[PDB]
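Below: one structure, written as structure tokens.
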Amino acid sequence: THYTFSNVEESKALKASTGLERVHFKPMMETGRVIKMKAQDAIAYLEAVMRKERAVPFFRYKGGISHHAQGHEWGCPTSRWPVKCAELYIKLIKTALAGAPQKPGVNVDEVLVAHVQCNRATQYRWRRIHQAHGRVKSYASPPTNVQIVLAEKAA
Amino acid sequence: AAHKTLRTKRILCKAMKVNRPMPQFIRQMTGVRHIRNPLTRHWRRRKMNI
Amino acid sequence: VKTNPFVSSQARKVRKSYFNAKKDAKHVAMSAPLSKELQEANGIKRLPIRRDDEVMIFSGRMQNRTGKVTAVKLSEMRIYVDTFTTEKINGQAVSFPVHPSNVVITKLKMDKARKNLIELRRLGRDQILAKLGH
Amino acid sequence: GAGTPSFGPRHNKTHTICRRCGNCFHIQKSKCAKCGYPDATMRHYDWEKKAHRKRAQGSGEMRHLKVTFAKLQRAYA
RNA sequence: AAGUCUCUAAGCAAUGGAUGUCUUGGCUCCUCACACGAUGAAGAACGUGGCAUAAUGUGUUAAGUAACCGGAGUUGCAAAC
RNA sequence: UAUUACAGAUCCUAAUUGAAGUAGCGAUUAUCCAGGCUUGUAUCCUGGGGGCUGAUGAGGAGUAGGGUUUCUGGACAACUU
RNA sequence: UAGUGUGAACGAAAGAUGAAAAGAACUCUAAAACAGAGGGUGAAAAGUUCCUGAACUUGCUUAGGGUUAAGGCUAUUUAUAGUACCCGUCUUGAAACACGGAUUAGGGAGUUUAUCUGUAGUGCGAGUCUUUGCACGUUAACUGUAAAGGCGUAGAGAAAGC
Numbered sequence: 003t004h005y006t007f008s009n010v011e012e013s014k015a016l017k018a019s020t021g022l023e024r025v026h027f028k029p030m031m032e033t034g035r036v037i038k040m041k042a043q044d045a046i047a048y049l050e051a052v053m054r055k056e057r058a059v060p061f062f063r064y065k066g067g068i069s070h071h072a073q074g075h076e077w078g079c080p081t082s083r084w085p086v087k088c089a090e091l092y093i094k095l096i097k098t099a100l101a102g103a104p105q106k107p108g109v110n111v112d113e114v115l116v117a118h119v120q121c122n123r124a125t126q127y128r129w130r131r132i133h134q135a136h137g138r139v140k141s142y143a144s145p146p147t148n149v150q151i152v153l154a155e156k157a158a
Numbered sequence: 002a003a004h005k006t007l008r009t010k011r012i013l014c015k016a017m018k019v020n021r022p023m024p025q026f027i028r029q030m031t032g033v034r035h036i037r038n039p040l041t042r043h044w045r046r047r048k049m050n051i
Numbered sequence: 002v003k004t005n006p007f008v009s010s011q012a013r014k015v016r017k018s019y020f021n022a023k024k025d026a027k028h029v030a031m032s033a034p035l036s037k038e039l040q041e042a043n044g045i046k047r048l049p050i051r052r053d054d055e056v057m058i059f060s061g062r063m064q065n066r067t068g069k070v071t072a073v074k075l076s077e078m079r080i081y082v083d084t085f086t087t088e089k090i091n092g093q094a095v096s097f098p099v100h101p102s103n104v105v106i107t108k109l110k111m112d113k114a115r116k117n118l119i120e121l122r123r124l125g126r127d128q129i130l131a132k133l134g135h
Numbered sequence: 002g003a004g005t006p007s008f009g010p011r012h013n014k015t016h017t018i019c020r021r022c023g024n026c027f028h029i030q031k032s033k034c035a036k037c038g039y040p041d042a043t044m045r046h047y048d049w050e051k052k053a054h055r056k057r058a059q060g061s062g063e064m065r066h067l068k069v070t071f072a073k074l075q076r077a078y079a
């Protein structure tokens, strides 16, 4: 996998990662920026995103996205409800916090989200739409890989 | 079909028994990897032209 | 320097002949020296290895053990031995291959062909050392 | 007109499997385009010297012919 | 007079397969040979191995059998000798 | 001694950006409610409404062509916008 | 070979784990052959189209700039002053509203043969060349050598004759 760190201990830090999860990159990066929030309370944010009570702000990847009211708290008006991204960050943070019995000398309740790092991965899957005049364009987005670390605010 | 000849039927037999996955034990024997069965096809995609 | 034209001195040709030799030449290529107890007895240094006899390796993880040859392998070009085993992470011993030219032969078992080979090389070694004059 | 609609009624077969070639045997004209069956001589031209050596000797098994090469190695070596 | 935006640099990564090192493959020159076939050739098709689709052996004696010459397991698992 | 120095050739081959989470997801009657199976179904099945096709019918069957698409069981990495 | 065309024909991409598979047991979260996290193997994860792993593009972290599209050059107390049109190309004339140019890597174009010309170097010199070939050889080389032959040593003329 590899990981990347800055003023973080290896021994005290709860880790989790994926490779090749079939979800869009640009919304996955944008949720991850917002997350750097105690983990238990960060899940309560991402469950509100699932039912569409609170939104995820799009600063970087915003082109064509219209304005909304639930932007107001973040500042950004371009702000939407990526549900499928919010499923993964729940099911990664929950799996990271199953290093309670491993890795002692870290309390589980008062943990911060230290680190998130999304990027694009190898295209395993290939498909193409046939279009006019025998022209065959692609129709397959690149899949992601994601990299969380959680730690108490002592590092 | 129907009304196929016999030597037509002989070719269609050989074309379907040859269509299968490669066996597992050749990769175990030779240790080569990434050999595909060349005479694999799909009926809808590639026609035989026989 | 070689005089015979028909043998080649290119590295491409020799490796190709070596790896794709016939079966009889590969058995001769798989060979080892005897221990000095057996050298004075039989009167030869060098012999090809069989599944009967046992062998003793200096230098390794498996340093200085005797053990019988379970299997010769001519394609893989190495020798399996009894005793010479690391376990897997599973509780399962697996025999570990070693090339015979690292190894000394400690005991030998006779065959009509093995006795017939030894009596040739004994008589050959008596002629050659008389010629050179040692 | 001359494209997609007129591809519809294309169901007849111009060429059929050929006995000698086994490959393009013309049913109406009754000749193998690739090999020339049934002419007793087999079809090749010096303008298709590339395509000829795909068909010609070496490509197949050579069951009788490989053992007659192997004799001539032994006699001269 | 705001910036998580945009621009530049460095460090650690993702993507990608350049560079460097390897080489049982080519290319050419020289040598020797050409003794294919109605005693069924070259070429094609299909069979056949314990797990074998291609290729390679081989033809219901079908990964072979007999004789002579080599002479001890020419590879994963299974089985026999 | 040479197949000896690249930014261009609408150069060649190989990979990759912005545009862009944008254009767009068409055509075909019409879906709704409770159950079953499940980690998970408006979609897979059952039952009940509401509809469509409306004998040149997305009905039942054949030439030519396709060649196992037929049938039962298990499976969802991919494909069936 | 894959694959294309009714057909004659056409025709790719694709090498490298490690010395040895020692190819990752068992446990935990999970619906789970999803995906990780512990723990181990090995000298080193090099962890299965796996040696080295460049550039373009991207992510995270750290540091600054931003009304002047950005970049460059000169000067210093480092954010100011002055300066600065986009390269290549045919053209009398290109920043041109002339054409080529989205990015990056790797390929990518005055070479060789014959018959000659002239200059310079080298050896012999009214000579010079040893090669077709023969004899040698630690053998395509190198070495030795007989005789012809080439060009030079005499020219003018259509030619006889000179």
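Residue numbers (the deposited numbering), protein chains in the order written: chain P, 3 to 38, 40 to 158; chain l, 2 to 51; chain Y, 2 to 135; chain j, 2 to 24, 26 to 79. Idealized CB from N, CA, C, for every residue including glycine.
Nearest residue (CA-CA) to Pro98 of chain Y, options Y:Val56, Y:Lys110, Y:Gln128 and Y:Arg122: Y:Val56
Cα-Cα, which of Y:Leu35, Y:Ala42 and Y:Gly92 is closest to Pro49 of chain Y? Y:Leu35
Report the option in P:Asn122, P:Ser13, P:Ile151 and P:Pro85 whose CA atom is closest to the CA atom of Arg54 of chain P. P:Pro85
Report all residues from its chain with a CB closer than 8 Å to the CB of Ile51 of chain l; omit the five preceding and five following residues, and keep chain order. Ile12 and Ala16
Could you tell me which uninterrupted alpha helix (DSSP H) segments, each at least 4 residues in length, are contained entirely in the segment 32 to 57 of chain Y, listed from first to last along the chain? 37 to 43
With DSSP as the reference, label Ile12 of chain l as helix, strand or coil. helix
Using alpha carbons as the reference points, say which of Y:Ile90, Y:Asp83 and Y:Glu120 lies closest to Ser96 of chain Y. Y:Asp83
Own chain residues within Cβ distance below 7 Å of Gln120 of chain P, not counting five before or after: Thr6 and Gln150
Give the DSSP bridge partners of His28 of chain j, in chain order. j:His16
Would DSSP call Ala18 of chain P helix, strand or coil? strand
Between the alpha carbons of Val139 of chain P and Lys14 of chain Y, how many angstroms are there, rounded? 50 Å
In chain order, which continuous runs of the beta strand (DSSP E) of length 3 or greater are located wholly inside the segment 49 to 130 of chain Y? 55 to 58, 67 to 74, 79 to 82, 86 to 88, 94 to 96 and 104 to 108
The beta strand (DSSP E) that contains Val152 of chain P, what's its start and end? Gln150 to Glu155
Whole-angstrom Cβ separation of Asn148 of chain P and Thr33 of chain P, contact assumed at under 8 Å? Wrong, their Cβ atoms sit about 15 Å apart, outside the cutoff.
Quick one: residues in its chain with C-beta nearer than 8 Å to the C-beta of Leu115 of chain P, no 5 flanking neighbours on either side, listed in chain order? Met40, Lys41, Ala42, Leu153, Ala154, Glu155 and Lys156
On a CA-only basis, which of Y:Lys23, Y:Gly125, Y:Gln11 and Y:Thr87 is nearest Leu75 of chain Y? Give me that one, please. Y:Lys23
According to DSSP, is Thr5 of chain j part of a helix, a strand, or is it coil? coil
Count the other CB atoms, across all protein chains shown, that sit within 10 Å of the CB of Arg131 of chain P; report buried if there are 16 or more and exposed otherwise. exposed
Looking only at DSSP bridge pairs, what is residue 39 of chain P linked to? Residue 39 of chain P cannot be placed in this structure, since chain P goes from 38 to 40 without the numbers between.
Report yes if the C-beta distance between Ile106 of chain Y and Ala30 of chain Y is below 7 Å; otherwise report no. no
If you run the structure through DSSP and keep just helix, strand and coil, what is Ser9 of chain Y? coil
Measure the Cβ-Cβ separation of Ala124 of chain P and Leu16 of chain P and say whether it is below 7 Å. no
Can you look up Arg65 of chain j in the DSSP assignment and give me helix, strand or coil? helix
Where does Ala89 of chain P fall in DSSP's three states? helix
Determine the closest residue to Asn103 of chain Y out of Y:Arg52, Y:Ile58, Y:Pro6 and Y:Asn5, with distance taken between C-alpha atoms. Y:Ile58
Is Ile27 of chain l helix, strand or coil when you go by DSSP? helix
Cβ-based burial, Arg83 of chain P [other Cβ within 10 Å; buried from 16]: buried
Does the beta-carbon of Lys68 of chain j, which I'm using as the reference point, lie nearer than 6 Å to any heavy atom of the ligand GTP? Of ligands this structure carries none, so the ligand GTP is not represented either.
Please report the residue range of the beta strand (DSSP E) in which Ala117 of chain P lies. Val114 to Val119
DSSP state of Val33 of chain l, grouped into three classes? coil
Based on the DSSP output, what are the partners of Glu23 of chain P in its beta bridges? P:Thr147
Look at the alpha carbon of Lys97 of chain P and the alpha carbon of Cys88 of chain P, and state the distance between them as a whole number of angstroms. 14 Å
Candidates Y:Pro6, Y:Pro101 and Y:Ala131: which alpha carbon is nearest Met78 of chain Y's? Y:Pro101
Residues of its chain near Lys14 of chain P, where Cβ-Cβ distance is below 8 Å and the 5 sequence neighbours each way are ignored: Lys106, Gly108, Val109, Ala154, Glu155, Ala157 and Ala158
Inter-residue CB distance, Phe27 of chain P and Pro145 of chain P (contact presumed, cutoff 8 Å): 7 Å
So what does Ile132 of chain P bridge to, in DSSP terms? P:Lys140
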